[PDB]
Amino acid sequence: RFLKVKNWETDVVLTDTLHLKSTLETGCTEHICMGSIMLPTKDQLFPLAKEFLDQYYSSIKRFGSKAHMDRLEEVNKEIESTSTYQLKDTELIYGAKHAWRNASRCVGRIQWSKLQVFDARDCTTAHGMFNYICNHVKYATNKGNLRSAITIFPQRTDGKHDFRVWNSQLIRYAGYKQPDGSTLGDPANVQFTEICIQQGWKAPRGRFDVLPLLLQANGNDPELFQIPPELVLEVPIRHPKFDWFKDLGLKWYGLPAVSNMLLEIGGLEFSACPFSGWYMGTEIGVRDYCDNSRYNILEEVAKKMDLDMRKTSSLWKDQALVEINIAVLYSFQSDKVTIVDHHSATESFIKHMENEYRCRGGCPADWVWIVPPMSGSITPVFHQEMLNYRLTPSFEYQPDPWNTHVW
Amino acid sequence: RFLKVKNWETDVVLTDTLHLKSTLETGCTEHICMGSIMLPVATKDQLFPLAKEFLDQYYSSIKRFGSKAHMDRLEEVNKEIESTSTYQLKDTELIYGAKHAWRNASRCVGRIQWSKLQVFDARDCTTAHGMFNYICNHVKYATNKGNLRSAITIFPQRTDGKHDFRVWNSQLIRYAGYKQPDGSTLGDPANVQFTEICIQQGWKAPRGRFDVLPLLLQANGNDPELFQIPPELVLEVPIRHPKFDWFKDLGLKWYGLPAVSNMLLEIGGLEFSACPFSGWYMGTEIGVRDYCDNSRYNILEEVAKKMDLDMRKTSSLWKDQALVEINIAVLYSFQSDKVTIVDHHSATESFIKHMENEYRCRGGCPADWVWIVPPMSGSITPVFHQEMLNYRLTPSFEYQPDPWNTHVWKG
Ligand code: HEM
Ligand code: HEM
Ligand SMILES: Cc1cc(N)nc(C[C@H]2CNC[C@@H]2NCCNCCc2cccc(F)c2)c1
Ligand SMILES: Cc1cc(N)nc(C[C@H]2CNC[C@@H]2NCCNCCc2cccc(F)c2)c1
Ligand SMILES: C[C@H](O)[C@H](O)[C@H]1CNc2nc(N)[nH]c(=O)c2N1
Ligand SMILES: C[C@H](O)[C@H](O)[C@H]1CNc2nc(N)[nH]c(=O)c2N1
Ligand SMILES: [Zn+2]
């Protein structure tokens, strides 16, 4: 019942009771751990709604009060009548903040209660979505002083009338397959880029081409829109020591905005809910730039540094990795665009876990995702035992719309 | 039930069937994952089926399943169990069992090597002095003047749990740690408690930063005894940097032979509570963990100072910069002295090949991602991008409580 987690660096031991309130399954069993797998009716809706309202009314200290019972009866009647229901504004904002709070893969959760929620449930068309999204982008960017936000479009109905952002993030760079056989720009987005071209997008065919938005309103075919360039804040990447660094032609965008996930609140499904915060440096400098299947710039950089690339044992890849990540952080800071380094972000996450353990009785955390992709054991989270479990409200993955959509 | 694992960098998909054989439990449930938790007297009743599963595996491995020799062995073991409450492994079975325990060790990135393990049978050992002799021979053999060879020495199995053989050291070779009255630690802070026990047992501590600990050995449930490994048997490597001439003046060295001595080897239900085993190092074990953990030698600051790094803000990545330099130094120093070491790129690349081989030939490879991924430069190694399945197979190595916690002192 009561589970203990220990930090092996500090000997601090926390007791987890919050896991007892988990409903969804992990992928694991008593016989197998799937911890490193990336992807492991009227009757159905009422217990889900009730579970959500009970936690809501408990959060505002009105559990078992009249307003609580009343809301439950009101929902019960709407469910029996329409087969669904509508969240109050207060419940939508609570549900969204809590889905972030419950995101076990997110190191940035110390910030969870400072999320600006934009209710776009009154949206009906792709142009309307474009508008809400531009508004989200400008608000969140805030001239480089980034603020966390989520925009929430209408909830799923019959499943043939879904709102979807087809982009994986609101702002991402194009990827093109080449006559050479290699890839110009971002290889992660080769397929999406093709679809955009297939939809009529005139591709500049460069290394850092901001992708158009491809927006699906109410089950209809999606539509292309160019985000106003002045709304897309970008950072040229230079190094505080190396004068040649700027010549690599590197830049990245300031706003990380996940747009392909599904927000589940009290059994209601929000299939278009783009949300955004600000970057941890390693997401760009380690993953975006140095993954072999991404920009893969390690060879180039270590070349310019005149390193010994003969043997893996000179740690040429590791040396270059560090300089690149220094550059990313230096650039964003120099341009006054919010960014956090992995030391600061992980330190804050430990403080957050501590807060959550004493205030809420736990914090679901996925160690495989929380520990940064460089310098793991020099960050405090490496030495932190974590319990992973699934609480609702939540953000979930969903299939890429092009495998689902019927044209 | 077939389970797929994908490499997200290469798109290679593998199918696991081996996990079906798994009997033991993980710590996880359908509702909770304990994948990052460090630690999530047997009767005839339970012993014969444990013996049977094991001998079934063994006789299948040698292509003699269902043979007369297979059947006669099961009968002989069954008879030995009913008569004596336990049984003795043949030498061939002990070798197979020890190799399999390593093969099954889900936290071990070095398992490509599993079939080359030198097994030393020390089941005729009776005293601590006998243990010390077996251990010196293991160290000399394994060390091989820098050309390290993997080995394990297996002392007599548990009987009633009151006559246990134990190596009280966590590793055969490790440096003393000394807590000072001002609250600082001299040497390795990981070994302060064990160092105290040694001193109480009568060890005269030289009180330096890298004193090789004496062996503390327990035979047949008796009180443990102290022994100094001959220094000529302990290969050490002074750490220097190929470019930074001041690195040598930090005064760092490490030993060449990593030899775990506190785990329990389980084979066919028998428990070998003293089974020291050794391989060779992956650099990050020394360079990242032993040197740079805050709770270990903690040299990041001092190295960063000597490199004149900007230490005013974490975002200068001064810790990351120093970290890489230290690890370059460890590898350089070992290679220059012709002492076997593997870097984390090569070891992880080799592990992916091993794992793919295992899936093809064995139907699976249990692996603990949390442990397999190196403690620096995670995602620039191919294991970061490899989905893994963790489950428990026997024969196995298991943790056991530190013996000072459980031992009954005779006096
Ligand atoms: C405010 C600053 C934030 C930081 C520094 C941050 C950081 C991160 C990082 C490093 C990851 C791991 C992703 C990866 O490495 O590929 C992550 C994942 C995630 N984040 Fe946060 N995040 C922030 C804000 C947010 C917000 C505002 C939300 C939603 C309201 C959110 C929800 C999530 C979710 C659902 C995941 C898991 C996504 C997946 O499984 O791919 N984050 N975040
Ligand atoms: C041949 C060279 C070897 C290499 C490079 C190697 C490497 C490693 C590494 C890096 C770890 C992770 C532990 C840590 O970082 O704290 C590990 C763990 C482990 N290794 Fe290997 N190893 C080797 C040989 C062996 C041998 C010979 C055995 C037994 C016969 C073995 C059994 C284990 C076990 C049981 C663990 C888990 C330790 C624990 O859970 O505390 N290894 N090894
Ligand atoms: C809101 C926010 C802020 C910050 N700083 N950071 C984030 C994480 C996103 C940005 N950087 C990557 C990550 N979002 C990508 C989510 N999945 C990609 C990996 C993947 C591929 C295939 C199948 C899978 F199941 C998963 C979100
Ligand atoms: C045989 C061999 C070769 C190599 N290269 N490497 C190894 C792993 C050991 C050496 N370097 C670290 C590791 N063994 C260190 C201690 N292991 C137990 C971890 C632990 C600590 C506290 C509580 C727990 F539950 C568990 C073995
Ligand atoms: C196979 C493995 O689960 C996969 O590579 C994971 C590992 N940890 C990760 N951690 C983060 N933060 N982001 C990722 O994309 C991944 N990828
Ligand atoms: C809390 C966490 O499980 C613990 O720090 C683990 C993480 N991964 C590890 N991986 C290895 N190889 N060795 C370790 O000691 C650890 N420590
Ligand atoms: Zn698990």
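Reading the values: the criteria
Residues numbered from 1 in each chain as written, not as in the entry; some residues may be left out. Chains lettered and ligands numbered in written order. Heavy atoms only, no water. Near = heavy atom within 4 Å. Polar contact = N/O pair within 3.5 Å; in protein donor to acceptor, adjacent residues only side chain to side chain. Nonpolar A, V, L, I, M, F, W, Y, C, P; charged D, E, K, R; others polar. 1 Å grid on protein atoms, 1.4 Å probe; cavity = no way out; pocket = protein on both sides within 12 Å on 5 of 7 lines; lining within 4 Å. Points joined across faces, edges and corners; volume = space filled by probe spheres on them. Helix = DSSP H or I, 4+ residues; strand = E, 2+ residues; numbered from the N terminus. Donors = N, O, S within 2.8 Å, 3.2 Å for Na, K, Ca; no water. Tetrahedral: all angles 85-135°; square planar, octahedral: opposite > 155°, others 65-115°. Buried < 20%, exposed > 50% of the residue type's maximum accessible area, 1.4 Å probe, protein only. Domains from an automatic or database assignment. Contact = heavy atoms within 4.5 Å. Buried area = accessible area lost by both parts, 1.4 Å probe. Pairing = 2+ DSSP bridges. Axes fitted to C-alpha atoms, helices over the stretch in contact; angles between N-to-C directions.

Okay, the site of ligand 2 next. Residue and element names in this part refer to chain B. In the vicinity of ligand 2 there are 17 residues, among which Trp-102, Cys-108, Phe-277, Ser-278 and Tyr-399 approach most closely. Note that a nitrogen atom of ligand 2 is positioned 3.3 Å from one of the side-chain N or O atoms of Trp-102. Here the residues of the shell around ligand 2 are counted per class, giving 11 nonpolar, four polar and two charged.

With that out of the way, let us pick up the site of ligand 1. Residue and element names in this part refer to chain A. Not every one of the 18 residues close to ligand 1 is listed here, only the nearest: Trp-100, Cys-106, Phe-275, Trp-278 and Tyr-397. Within the side chain of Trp-100, an N or O atom sits 3.4 Å from a nitrogen atom of ligand 1. Among the residues forming the shell around ligand 1, the class breakdown is 12 nonpolar, four polar and two charged.

Space inside the largest cavity adds up to approximately 100 Å³. If you trace the largest cavity, you find 15 residues lining it, with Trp-367, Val-371 and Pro-372 of chain A together with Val-373 and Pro-374 of chain B closest to the centre. Elements supplying a minimum of two residues to the lining of the largest cavity: α10 (367-370) of chain A together with α10 (369-372) of chain B. Classifying every residue of the lining of the largest cavity by side-chain character gives 13 nonpolar, two polar and no charged.

Attention now goes to the coordination of the zinc ion (ligand 7). Under perfect tetrahedral coordination by four donors, a metal shows angles of 109.5 degrees; under perfect octahedral coordination by six donors, it shows angles of 90 or 180 degrees. Looking at the metal site, the zinc ion (ligand 7) is ligated by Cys-28 of chain A (SG), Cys-33 of chain A (SG), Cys-28 of chain B (SG) and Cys-33 of chain B (SG), spaced 2.3 to 2.5 Å from it. Around the zinc ion (ligand 7) sit four donor atoms; with metal-centred angles ranging over 100 to 122°, the donor geometry is tetrahedral. A residue is classified by how much of its surface remains accessible, and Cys-28 of chain A, at 4% relative accessible area, is buried.

Moving on, we get to the domain arrangement of chain B. When the parts come together, some accessible area is lost, and that loss is often what is quoted as the size of the interface. Residues and elements named next belong to chain B. Domain boundaries in chain B define domain 1 (16-123 + 150-160 + 264-278 + 348-372), domain 2 (124-149 + 164-235 + 399-403) and domain 3 (236-258 + 281-346). Centre-to-centre separation of domain 1 and domain 2, based on C-alpha positions: 27 Å. With 22 residues of domain 1 in contact, the opposing surface of domain 2 contributes 17 residues. With both sides pooled, the region where domain 1 packs onto domain 2 buries about 1600 Å², and carbon together with sulfur makes up 59% of that total.

For the rest of this paragraph, the subject is the sheet that holds strand β18 (residues 396-398) of chain B. Residues and elements named next belong to chain B. In spatial order, the strands read β14-β13-β18; together these three strands make up an open sheet with antiparallel pairing. For this open sheet the edge positions go to β14 (270-272) and β18, each flanked by a neighbour on one side alone. Averaged over all pairs of adjacent strands, the angle between strand axes in this sheet comes to 30°, irrespective of strand direction. Relative to β14, strand β13 (residues 264-267) is paired through three bridges, and the arrangement is antiparallel. Its bridge partner being in β14, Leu-265 is matched across the sheet by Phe-272. Here helix α3 (residues 91-103) sits on the sheet in contact with β13, β14 and β18, set at roughly 120° to β13.

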